[PDB]
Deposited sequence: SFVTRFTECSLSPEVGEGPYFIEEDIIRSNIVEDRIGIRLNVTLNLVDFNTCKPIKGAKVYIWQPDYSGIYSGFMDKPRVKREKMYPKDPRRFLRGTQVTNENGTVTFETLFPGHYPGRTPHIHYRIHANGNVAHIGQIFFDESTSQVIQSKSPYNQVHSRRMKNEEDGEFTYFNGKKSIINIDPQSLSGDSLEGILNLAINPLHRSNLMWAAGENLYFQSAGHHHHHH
């Protein structure tokens, strides 16, 4: 029940309430259910009412809102298209839990596969992080369609700057092995400080 690491937001958060479980839209990939259980790191008690946002790239490494191929990092990052696939928000229930129906994320040059998340509690940005995957799980996914028709080198977790800098080992989702055989099933327990103001947002 130790404090989960924070990880940089990166440049592609879009602060919009899109409150839905299934975030897939028209995207193609392998279905993945992601369950996040939040607890207060002081007490280990579930946190109720916290808004959890996630965003992630599609199989080819594309973020919605930023679909133009050359995305250049800037001070002022604004979306240039209205698409919002693979983005959503859910509110934690009585047990501190949200579930999202998503896809396994793509990689893009210079990054390992990951899902971004951001948590609002008490009118503050309490926690910003990233979800990483076990190397064995990543391997199995890359041998499947459509990920097997992306031909770029996949960066591994140990090569990834964000994983290394921000202690990504503590943020690896646990995939049920049973479910690598309708939909993959992942659980990640997080311990956060709901009275923290994160300074890891881009803007």
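As a test: can you identify every run of the deposited sequence that has no C-alpha position in this structure, in order? According to the deposited record, C-alpha coordinates are absent for 1-8, 190, 213-229, which together make up the missing parts.
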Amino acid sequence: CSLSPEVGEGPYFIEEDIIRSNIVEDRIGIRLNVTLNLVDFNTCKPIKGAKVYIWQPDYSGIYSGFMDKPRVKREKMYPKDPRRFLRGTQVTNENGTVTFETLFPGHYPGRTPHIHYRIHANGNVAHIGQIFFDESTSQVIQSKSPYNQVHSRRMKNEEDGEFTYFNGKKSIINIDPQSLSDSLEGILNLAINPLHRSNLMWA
From here on, numbers count along this sequence of modelled residues.
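Given the B-factors recorded for C-alpha atoms, which segment has the greater mean, 65-73 or 151-159? According to the entry, 65-73 carries the higher average C-alpha B-factor.
When the C-alpha temperature factors are averaged for each of 83-91 and 124-132, which stretch ends up with the higher value in the entry? Mean CA B-factor is higher for 124-132.
Tell me which of 19, 184, 14, 24 tops the list for C-alpha B factor in the record. Of 19, 184, 14, 24, 184 has the highest C-alpha B-factor.
According to the Cα B-factor stored in this entry, which of the following is highest: 104, 117, 100, 78? Of 104, 117, 100, 78, 78 has the highest C-alpha B-factor.
In terms of the chain's CA B-factor thirds, is residue 144 lowest, middle or highest? For residue 144, the deposited C-alpha B-factor lands in the middle third.
Grab the CA temperature factor for residue 57 from the record and place it in the lowest, middle or highest third of its chain. For residue 57, the deposited C-alpha B-factor lands in the lowest third.
Looking at the C-alpha B-factor of residue 46, is it in the lowest, middle or highest third of its chain? It belongs to the highest third of the chain when residues are ordered by C-alpha B-factor.
Chain third (lowest, middle, highest) by recorded CA B-factor, residue given as residue 39: Highest third.
Taking the values exactly as deposited, rank residue 172 by C-alpha B-factor within its chain and report the matching third: lowest, middle or highest. Middle third, going by the recorded CA B-factors of the chain.
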